[PDB]
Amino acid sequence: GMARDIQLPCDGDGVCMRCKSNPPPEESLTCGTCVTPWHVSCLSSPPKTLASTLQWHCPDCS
């Protein structure tokens, strides 16, 4: 997990607000509550189990 300070979501156009990159699908995670895309690389605690990755809840919703 990259972010040691505050974590930022994605653009809505698909750009990570933190690292200024457009994450590929293998690096993208959308929340199960607000459905906001997040760059999984720039998270503080990326999901570590398969179930946590499926029903993933973003840091703003957790």
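All residue numbers refer to positions in the sequence shown, first residue = 1.
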| property | result |
| --- | --- |
| Third of the chain's Cα B-factor distribution that residue 58 belongs to, per the entry | lowest |
| Chain-wide C-alpha B factor ranking for residue 19, given as lowest, middle or highest third | highest |
| Assigned third (lowest, middle, highest) for the C-alpha B factor of residue 46 | lowest |
| Residue 9 by Cα B-factor - lowest, middle or highest third of the modelled chain | lowest |
